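What follows is a set of notes on a single structure, which appears directly below.
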Ligand SMILES: CCCCCCCCCCCCCCCCCC(=O)OCC(COC(=O)CCCCCCCCCCCCCCCCC)OC(=O)CCCCCCCCCCCCCCCCC
Ligand code: HEA
Ligand code: HEA
Ligand SMILES: CCCCC/C=C\C/C=C\C/C=C\C/C=C\CCCC(=O)O[C@H](COC(=O)CCCCCCCCCCCCCCCCC)COP(=O)(O)OCCN
Ligand SMILES: CCCCC/C=C\C/C=C\C/C=C\C/C=C\CCCC(=O)O[C@H](COC(=O)CCCCCCCCCCCCCCCCC)COP(=O)(O)OCCN
Ligand SMILES: CCCCC/C=C/C/C=C\CCCCCCCC(=O)O[C@H](COC(=O)CCCCCCCCCCCCCCC)COP(=O)(O)OCC[N+](C)(C)C
Ligand SMILES: CCCCCC/C=C\CCCCCCCCCC(=O)O[C@H](COC(=O)CCCCCCCCCCCCCCC)COP(=O)(O)OC[C@@H](O)CO
Ligand SMILES: CCCCCC/C=C\CCCCCCCCCC(=O)O[C@H](COC(=O)CCCCCCCCCCCCCCC)COP(=O)(O)OC[C@@H](O)CO
Ligand SMILES: CCCCCC/C=C\CCCCCCCCCC(=O)O[C@H](COC(=O)CCCCCCCCCCCCCCC)COP(=O)(O)OC[C@@H](O)CO
Ligand SMILES: CCCCCCCCCCOC1OC(CO)[C@@H](O[C@H]2OC(CO)[C@@H](O)[C@H](O)[C@@H]2O)[C@@H](O)[C@H]1O
Ligand SMILES: CCCCCCCCCCOC1O[C@H](CO)[C@@H](O[C@H]2O[C@@H](CO)[C@@H](O)[C@H](O)[C@@H]2O)[C@@H](O)[C@H]1O
Ligand SMILES: C[C@H](CCC(=O)O)[C@H]1CC[C@H]2[C@@H]3[C@H](O)C[C@@H]4C[C@H](O)CC[C@]4(C)[C@H]3C[C@H](O)[C@]12C
Ligand SMILES: C[C@H](CCC(=O)O)[C@H]1CC[C@H]2[C@@H]3[C@H](O)C[C@@H]4C[C@H](O)CC[C@]4(C)[C@H]3C[C@H](O)[C@]12C
Ligand SMILES: *N(C(=O)NC1CCCCC1)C1CCCCC1
Ligand code: CUA
Ligand SMILES: [Cu+2]
Ligand SMILES: [Mg+2]
Ligand code: NA
Ligand SMILES: [Zn+2]
């Protein structure tokens with residue numbers, strides 16, 4: 032009525048599928064599968080934008096339920112503000128792959 | 013409906029196997045019994061050159077161009093009538 | 025939009041050449057067929 | 022039967038810069054050349070057939 | 001490397017480019033075909049021959065303009081190029097299947113050219129109605145090659161639709177809802193759903209025609225108990241949605257061009273624009289019989305179709321007025337693209353309004369199969385669809401190529417085309433009201449003036465088409481590389497430079513959920 | 003490096019060969035239908051088989067072997083399959099529309115009746131009912147196969163999948179037999195027309211579904227499927243249900259109501 | 008007799024643009040009637056109405072074709 | 018990997034504006050001419 | 001028939017066509033208004049240096065431009081449907097004539113009493129008599145009684161055709177295996193023209209329809225002599 036013999040993801044998942052799976056296990060998100068929760072966006076508590084280079088395009092949905100998204104490159108350095116709502120964003124460079 | 017059986021507390025592999033062997037296959041066996049019982053070649057009907065049947069607007073791209081693909085001499089007459 | 029000066033500027037003379045070549049590439053073949061249309065209709 | 026997926030994973034992840042359709046070895050190459058030849062040949066053949074049918078054979 | 005890139009592509013930008021090139025070439029074929037039509041009608045009498053060769057031309061003109069020019073450019077071209085960039089995607093969901101959607105077109109086009117080469121061609125009208133399209137009135141390979149061409153074009157589109165819908169639903173930034181995607185993205189998805197649902201019915205119908213012509217079936221043959229009118233239903237059930245498929249992506253581009261050159265950060269009434277495209281798309285599936293008002297249907301049926309067809313004016317109205325509201329209070333940039341978009345808003349409205357005239361079964365009795373219909377659809381297609389393509393082309397050319405066009409030349413082109421198309425099609429309303437039938441190689445003497453002016457107008461349009469080819473040459477020949485582009489904060493597709501690198505969004509965008 | 007979960011596919015020649023195979027088959031059919039030759043059609047079918055084989059092979063290499071199928075990539079494939087089935091359904095819609103159009107308003111040529119004069123319909127309680135119990139039963143067995151695979155039972159998954167395939171083949175054979183025993187042909191008017199073209203295409207879908215199931219069978223034997231990741235199987239099963247459902251409609255419409 | 012026929016009058020059973028059935032029905036009705044009368048020893052003159060009507064409505068080629076088929080034994084309709 | 022930037026993300030070369038003019042002229046010229054010759058073809062069969 | 005440089009519809013010869021001219025006038029006014037309104041608004045939006053680029057609210061004006069068009073459509077639909085149903089009214093004709101489309105000519109059958117029928121071909125350009133219309137004259141005209149309700153039945157014996165006569169507001173497709181009905185009623189005596197309105201092959205442009213409307217009396221004599 033029952034038995035085994037079929038591999039599991041833990042035993043057989045490979046490549047990127049495996050990384051996502053392991054990362055997910057540690058509670059991490061190196062492959063941007065989740066949407067990051069915003070901070071207060073103040074000068075003091077800026078939104079931390081992870082990146083693997085010195086700049087990353089940011090999309091700002093200023094107010095909830097806005098249909099327009101404000102896009103701009105966030106550069107490494109001093110925090111920058113959304114040209115529309117002024118909330119703060121700061122790039123926090125590299126790593127991901129050890 | 014709800015059928016007339018029961019389980020539902022947890023539909024799993026054992027349950028569906030139970031349905032395969034206890035319901036599905038037996039049903040196929042009964043219809044196989046019935047079918048290979050009511051078969052037997054039914055006397056082919058008299059041929060009438062009805063204009064809405066045995067259509068030929070272009071010959072078929074096979075044979076002599078006058079035989080349907082799964083032509084059965086015993087039951088499928090040609091536009092001119094049954095074959096020899 | 026802002027752009028840099030033409031890397032390989034196309035002078036008015038050059039443009040007359042491109043325009044003329046372009047117009048002719050459309051007009052000639054067609055005109056030839058159309059011209060001989062009577063030579064085709066009955067032959 | 023025995024599970025040989027690990028072997029296949031190793032073979033296909035082997036960093037040799039080969040596109041997945043040829044990463045399985047020399048056979049891939051062959052099958053590809055056969056497929057491509059039939060496609061290109063048949064296409065040429067088809068162009069010929071069009072040219073033939075384009076003219077009346079009275 | 002060249003073959004790997006252009007023949008084995010799996011890159012959305014390169015595939016979009018291939019589509020643009022194909023559509024551009026196809027457009028030349030369709031223009032040539034249109035000129036042959038107007039040449040024949042330019043003066044009373046017969047120029048080419050009887051109605052057969054003439055209608056082989058009329059039929060080809062339609063298939064080429066519709067299936068090879070408009071759809072490849074708007075959906076395959078702009079769609080593939082812009083959609084991924086607008087939602088910040090690294091590419092399309094099925095990049096390989098996408099490549100096949102493209103490669104099915106040259107074969108499909110080849111079958112069309114074949115069809116016209118063999119026998120006496122297929123002089124059936126793009127609707128391909130039996131019995132004229134049957135194996136008796138059109139014996140030979142022609143019609144069968146035409147059906148095969150449609151089949152290939154259909155699979156290409158269905159495959160493309162599956163890809164677009166999947167990409168737009170599944171590959172947006174995690175925080176971006178559907179109500180945060182650009183209107184052009186919305187337009188592409190809606191078009192895709194229409195394609196997915198309509199083309200299969202068309203395919204069913206042209207297959208039945210194929211079997212009637214080759215396997216002795218009698219779907220549309222009364223002798224076997226078939227019905228020629230069944231075909232019309234199956235054709236038009238796809239055919240109406242198809243005209244909306246031809247205009248929706250244009251609506252999407254117009255929304256972007258109008259918003260952009262109005263110096264606005266967003267289009268007026270975004271949600272109203274979304275609702276409008278969805279309603280149009282829906283209504284477009286329940287109005288097909290307005291193409292069969294004279295086949296002899298019950299009066300109740302004809303009353304229903306008149307009503308359902310007219311309702312489409314409401315959502316379409318919301319869009320028209322919203323583009324105007326988007327221009328309202330803007331710092332207007334009189335660019336060539338804006339010009340095409342403004343001509344579009346006007347010319348499309350005209351064609352739409354005459355479409356509303358035709359929706360009245362009563363009046364349609366007299367207008368059906370006359371040049372009034374030809375005038376209606378050329379305003380929406382040769383002015384609507386085409387103007388959206390031209391506006392989108394000049395607006396995004398710098399993005400695709402990295403080079404800028406000469407603005408003055410583009411403005412001249414616009415002006416020539418504007419005169420040309422209006423001179424060609426406006427008089428056709430007259431010919432229509434006065435009774436000149438469609439698909440005629442010659443006409444009674446009284447129709448001479450308007451037919452003469454119309455053909456002259458078409459030559460002006462030709463001058464415009466030739467000029468545009470040169471203008472594209474000059475851009476590539478001078479090489480004025482792009483530096484900066486305005487409004488990038490609300491036009492993501494420009495944010496990666498001109499042209500963007502082969503791979504964009506390797507690192508996705510950052511979007512807070514808050 | 004990419005920091006997204008999406009799959010960037012290696013440039014492939016399959017789309018081109020597939021496109022060309024499409025040209026060879028359509029061209030081929032034309033050659034067959036009008037210039038009495040099957041050569042083109044032969045080559046077309048061949049390159050097509052070759053294309054499909056290699057293309058899907060690569061998909062298995064990219065997934066089972068390379069690990070490119072992250073949850074996101076898989077989510078997209080689900081959408082793609084659902085959308086594909088939808089278009090296949092709409093295709094059938096046209097055929098059912100043709101059937102109902104002809105059967106609900108029989109023309110004078112048929113004798114103004116349905117079935118037409120001179121047409122003797124098969125008995126829906128004979129092989130058609132058998133065919134029906136066969137497909138329904140394969141629906142139950144494929145579900146047992148699915149639960150077995152999810153429960154990690156290799157033997158029973160294989161057993162159930164095998165039963166499902168046998169049934170699909172059984173249906174195919176029964177239907178071929180019926181085609182031969184049928185007193186009416188495809189040339190027998192609009193009745194023969196709608197009947198064979200509809201059941202014909204459905205027959206083809208059954209053959210394709212079966213083949214898909216067979217592929218899953220062999221991928222199962224080779225341990226490709228894990229108890230949690232087996233989309234190829236899921237798609238084959240959705241496709242199988244679709245095929246089963248189209249039969250129920252054909253049964254009720256053409257075989258039962260249409261007699 | 009109760010005749011003096013101009014043309015086939017409006018028939019509430021076939022009120023729409025498609026009259027195919029109207030012609031067909033009347034053709035059938037006439038040949039059915041003509042049959043029963045020629046059968047039970049009666050006068051075919053009673054069937055006169057249906058002949059006038061189907062004559063008016065039916066295209067000559069349809070009637071001709073139908074007549075040829077009744078003779079050939081291949082008429083699909085039940086008479 | 019492939020060439021990137023202006024004049025490199027295309028299947029034809031824009032290195033020489035005259036060579037390019039020639040390409041384009043064949044490209045679009047061929048498309049435009051096709052119908053005319055097919056018409057001639059049809060008239061020359063009968 | 002149409003005259004040189006014609007802009008609108010050929011003059012109404014039946015009550016129904018008259019009805020349609022009036023309905024078309026009504027419709028055309030709305031079309032003109034709306035289109036010129038849109039063109040005006042376009043120019044208004046583009047002729048001011050004043051600007052307002054901030055977010056504008058839509059749930060208010062969308063009411064306006066939803067309810068207005070809806071009203072306008074109802075203003076078109078009402079008279080349109082009134083006329084549609086008017087065309088479907090039961091009328092009880094005095095005569096029934098059939099026409100069969102053929103590649104490429106029309107055949108007519110007046111079989112109410114006698115079995116009268118004839119083919120109607122276009123008069124070749126080369127055989128036209130002085131003053132005759134090119135592409136429009138036929139050898140045998142469709143003689144019909146004026147001021148009488150006639151039932152026209154249309155069908156075809158080959159491909160599709162469409163029987164049309166603009167001055168009377170008629171166009172009924174000729175479909176093989178099908179018998180389409182339409183009613184004809186000319187308010188005046190005369191010659192009324194039309195052309196095949198469905199693509200039917202090589203000579204689709206050359207198979208006109210010419211009706212000859214005369215008083216009942218002359219129609220009768222004509223019947224007799226056409227035996
Ligand atoms: C090219 C040939 C022209 C021939 C002209 C007439 C000669 C008359 C002699 C002598 C005139 C007097 C004696 C005869 C009276 C006959 C009345 C009749 O039987 O009545 C019915 C007739 C005649 O209708 C007329 O009563 C003529 C109306 C003409 C309106 C023209 C707008 C033109 C704009 C620019 C020029 C044309 C090209 C661009 C058109 C661009 C799209 C409109 O047939 C129509 O229905 C034709 C139009 C169909 C519908 C098109 C609808 C939307 C069109 C334009 C909206 C523009 C708004 C902004 C205002 C316009 C902004 C641009
Ligand atoms: C998109 C569709 C489309 C377009 C643009 C056009 C454009 C034109 N059409 Fe027509 N036409 C049809 C679709 C179209 N048409 C259809 C479906 C029919 C009916 C078929 C049937 O009856 O069966 C028809 C019928 C038809 C008739 C009626 C035939 C008859 O009844 O006998 C006439 C008559 O003059 C005509 C003329 C023209 C002319 C002169 C143009 C000119 O305006 C064209 C001028 C040139 C262009 C507008 C091309 C521009 C676009 C490009 C070249 C892309 C360029 C490249 C890049 C931007 C990258 N067309
Ligand atoms: C881009 C392509 C396109 C588009 C979008 C449309 C849109 C419309 N079409 Fe048309 N149509 C065609 C392409 C197109 N059409 C083609 C190709 C044919 C002929 C096919 C053939 O036979 O070969 C055709 C044929 C055709 C017919 C058949 C005519 C006949 O053969 O007798 C009808 C019938 O009703 C019709 C109706 C409409 C209507 C009501 C619209 C509506 O969607 C338009 C709605 C738009 C507006 C109304 C304007 C904007 C709105 C406002 C400013 C609001 C206020 C308005 C009011 C209150 C009225 N079209
Ligand atoms: C065993 C059950 C499964 C059925 C299919 C198996 C074998 C047949 C070969 C291909 C069938 C595939 C699809 C169906 C196409 C046509 C209908 C076929 C259904 C069928 O097989 O019908 C047969 C007719 O064969 C005929 O003509 C068939 C002639 C064969 C040539 C095929 C014609 C090719 C046309 C295909 C069109 C392609 C378009 C599809 C495009 C899809 C979307 C783009 C029935 O036999 P019969 O003798 O008339 O009557 C029985 C009397 N004893
Ligand atoms: C008389 C006619 C005769 C012909 C009849 C013939 C046959 C009958 C018809 C059908 C029977 C056939 C097969 C049925 C069996 C299986 C189908 C597979 C369904 C399945 O099992 O679906 C699953 C869940 O539901 C989901 O997809 C839900 C998500 C769906 C996404 C795809 C849809 C997107 C397309 C456009 C959207 C439509 C928008 C609606 C609003 C419009 C208002 C007008 C898989 O998950 P997923 O995709 O990751 O989604 C995540 C959401 N949970
Ligand atoms: C069948 C055909 C149908 C015909 C169509 C008829 C067209 C409708 C005509 C008029 C619409 C009237 C809307 C009235 C809105 C007021 C405009 C205004 O002035 O716009 C804003 C309002 O926001 C807002 O509604 C947002 C801005 C304005 C919102 C509406 C503007 C768009 C109006 C349409 C644009 C023209 C296109 C018409 C289409 C035909 C200004 O904001 P406030 O003053 O609070 O702040 C400024 C600071 N203060 C307080 C110190 C002054
Ligand atoms: C008259 C005769 C007309 C003949 C016309 C024939 C036209 C083409 C014939 C040749 C096509 C067959 C070759 C195989 C095609 C497979 C497509 C496929 O399987 O595409 C998949 C996506 O669609 C999915 O899933 C879900 C959807 C799968 C769709 C499968 C393709 C079916 C084609 C439909 C055409 C049917 C024609 C009608 C025949 C009766 C995979 O996506 P890719 O982009 O590849 O990769 C993405 C990677 O992440 C994978 O790891
Ligand atoms: C669907 C839910 C929305 C509900 C709204 C209703 C819309 C459609 C459903 C109704 C279908 C049944 C109605 C039949 C009843 C009338 C019987 C009849 O007789 O109609 C017949 C045709 O119906 C036929 O095939 C009808 C054939 C079907 C045509 C409908 C097209 C839509 C199909 C696509 C939808 C995709 C769905 C996906 C499936 C899961 C013939 O026409 P008549 O004009 O009579 O000719 C007789 C003359 O001699 C006298 O005038
Ligand atoms: C006589 C018989 C010949 C008749 C012609 C048609 C022949 C065969 C059609 C049968 C279809 C076979 C399809 C096999 C697909 C194998 C690839 C597959 O199943 O690929 C799977 C993805 O889904 C995917 O692309 C899903 C792919 C879906 C494709 C199914 C669509 C059917 C297509 C029919 C096209 C016919 C075209 C005919 C043209 C004229 C791989 O992902 P998983 O399974 O999760 O694996 C990963 C795990 O191992 C990780 O641990
Ligand atoms: C709808 C699109 C088409 C628009 C109309 C085309 C516009 C004009 C194109 C001119 O092209 C040509 O002109 C000729 C005449 O001027 C031709 O020469 C021909 O005529 C001669 C002079 O009369 C000869 O010298 C040569 O033998 C000769 O073939 C002919 O070859 C052709 O290329
Ligand atoms: C879109 C999906 C489907 C794509 C198209 C479907 C392709 C169907 C192929 C049909 O091909 C065939 O054609 C034949 C005809 O050439 C056969 O041979 C036959 O035909 C003859 C040649 O005249 C005879 O010699 C023989 O008896 C024999 O039956 C035959 O068996 C069969 O394989
Ligand atoms: C046109 C189509 C039949 C196509 C065919 O003959 O195959 C038929 C089928 C059912 C009909 C619909 C339904 O019968 C319901 C409605 C009935 C009303 O009297 C007219 C509109 C109405 C909405 C119909 C319009 C049209 O005549 C439909 C949609
Ligand atoms: C509620 C929904 C979306 C609003 C949102 O969540 O942002 C909006 C978007 C478009 C609106 C519709 C469109 O504006 C068109 C119509 C306008 C009329 O003012 C009311 C109904 C009307 C049909 C609207 C109803 C409703 O307010 C809709 C449907
Ligand atoms: N389903 C399928 O892809 N059908 C198509 C038919 C054309 C229109 C869109 C849907 C099946 C795939 C395998 C072969 C048989 C058809
Ligand atoms: Cu007869 Cu057109
Ligand atoms: Cu439509
Ligand atoms: Mg028509
Ligand atoms: Na002419
Ligand atoms: Zn912001």
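Residue numbers (the UniProt record's numbering), protein chains in the order written: chain V, 32 to 129; chain G, 13 to 96; chain E, 25 to 67; chain U, 22 to 79; chain Y, 1 to 514; chain L, 3 to 261; chain Z, 8 to 86; chain C, 18 to 63; chain S, 1 to 227.
Positions of the beta carbon are idealized from the N, C-alpha and C atoms, including for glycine.
Buried or exposed: residue i, going by 16 or more other Cβ atoms within 10 Å of its Cβ?
i, result
"residue 390(Y)", "buried"
"residue 97(L)", "buried"
"residue 32(S)", "exposed"
* To do: Taking only runs that begin and end inside the stretch 24 to 100 of chain L, name each unbroken alpha helix (DSSP H) of 4 or more residues, in chain order.
  => 41 to 62
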